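Going letter by letter, the sequence shown gives residues 8 to 101 in our numbering. Just so it is clear, CB atoms sit at the ideal spot from N, CA and C, and this is done for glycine as well. Heads up: the structure comes next, in structure tokens.
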Amino acid sequence: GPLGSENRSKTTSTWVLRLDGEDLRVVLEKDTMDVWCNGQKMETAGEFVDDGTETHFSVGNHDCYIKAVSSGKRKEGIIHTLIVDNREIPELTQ
């Protein structure tokens with residue numbers, strides 16, 4: 008319950024998936040493109056490719072990862088897509 012903001016997630020991504028037997032909430036902060044799950048700074052790979060970023064973070068007995076894709080001239084607009092077990096994950100946006 009932060010004492011600020013209201014409805015602005017342009018620089019922050021979120022994903023809700025049933026993990027660990029409960030509604031696992033994942034968030035991708037633009038600050039360091041890090042992943043936040045169960046109130047615990049996840050550990051990604053931070054591999055920068057020719058175009059886009061492949062965040063590789065381990066989750067218990069599973070292998071999840073955030074598929075990032077840059078669009079525009081260079082870094083105009085970037086979109087992150089969480090994936091768990093080779094399965095796309097819906098973002099809070101829309």
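The three-state secondary structure of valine 56, taken from DSSP, is coil. In this structure, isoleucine 86 keeps its C-beta atom at 9 Å or more from the C-beta atom of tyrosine 72. Collapsing the DSSP output to three states places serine 77 in a strand. Of the candidates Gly53, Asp57, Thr39, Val34, the residue whose Cα lies closest to the Cα of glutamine 47 is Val34.
DSSP places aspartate 27 outside both helix and strand once states are collapsed to three, so it counts as coil.
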